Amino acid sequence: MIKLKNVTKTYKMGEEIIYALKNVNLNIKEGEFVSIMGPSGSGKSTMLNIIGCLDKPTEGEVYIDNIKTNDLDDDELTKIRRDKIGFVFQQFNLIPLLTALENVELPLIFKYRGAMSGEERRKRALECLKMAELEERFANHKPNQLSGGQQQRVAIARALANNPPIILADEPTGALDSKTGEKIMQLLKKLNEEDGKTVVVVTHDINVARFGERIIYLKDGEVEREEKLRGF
C-alpha cells in the first residue's frame, strides 16, 4: 500500500544542504504492521511526513495504495490524506472545548459536509470510539477530563473515523506510561490484525518497534537494515 522509490529529502539551510532522507527504498504491504526505528535525527518523522502526504520528496517517488502522489495538486493531495490516511501522534492534538465524541466528528464533517446527518455522525463517531476501545460513557467528556490514555484513544478513533486503510503513528506511546502505552500498541495490533489496517509506526524505543512484523532501521537519513520478526 505505501511505497517508496529513491526518495531523498533535503533541507537547504543556505550553504548547508542537509539530508534527512537519502536514497531510501521501501514497500509496505497492505495490512502489514511495520515500524521505523531510530534515534532522534535518524529521519523518522521526516518520513512520516512524506508518507502522510504532508511533504514532498526532493526526489524519488511516493505511492499510496499504488497512486503516485508526487504531482497531485494540493486539493488532490488533501483528498488522499483525508481518504487514505489516519493520523496519530505523540502530541494527542485534541481540541480543548470539544467532547471526546465531537473531536471524532470533525474529520467526518470535513469529508461528508452536507451529506451525512447529525445523527449519522454521532453514530459513526461512537462506533470508532468503541472500536478504539474507549467506554461509551466517556464519549461526552472533554480532553482534560480523560486519562492521557483515553486521550490517545480519541486520536485513534478520529483517525479511524473516515475509514482509512492506513494509519501512521509517530511515537504514539512517547507521552504515555509503559502500562497504558502497551494497551495502545495492543490496540494498533488489533486494528491491523483484525480490521486489516496497514499500520506504520515511527519510534526510537525498540520495545514499541517489536509490535511490527518488521522493523526498518533508519540511520542518519538512510535505511541501515530491516528486521523481519514474524511472517516467515
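Residue numbers run from 1 along the displayed sequence.
> Comparing 165 to 173 with 56 to 64, which has the greater mean CA B-factor as deposited?
Per the PDB record, 56 to 64.
> As stated in the PDB record, which stretch has the larger average Cα B-factor, 115 to 123 or 93 to 101?
The deposited B-factors put 115 to 123 ahead on the C-alpha mean.
> For the CA B factor values reported in this entry, which option in 24, 218, 209, 17 has the top one?
Highest C-alpha B-factor among the listed options: 17.
> Please place residue 192 in the lowest, middle or highest third of its chain by C-alpha B factor as given in the entry.
Its C-alpha B-factor, which the entry lists for residue 192, ranks in the middle third among residues of this chain.
> Considering only modelled residues of the same chain, in which third does the CA B-factor of residue 132 rank: lowest, middle or highest?
Middle third by C-alpha B-factor.
> Using the B-factor values recorded in the entry, state whether the Cα atom of residue 155 falls in the lowest, middle or highest third among the modelled residues of its chain.
Within its chain, residue 155 is a lowest-third residue by C-alpha B-factor, going by the deposited values.
> If you rank the chain by CA B-factor, which third does residue 35 end up in: lowest, middle or highest?
As the PDB entry reports it, the C-alpha B-factor of residue 35 lands in the lowest third of its chain.
> Considering every modelled residue of the chain and its Cα B-factor in the PDB entry, is residue 146 in the lowest, middle or highest third?
Its C-alpha B-factor belongs to the lowest third of this chain's values.
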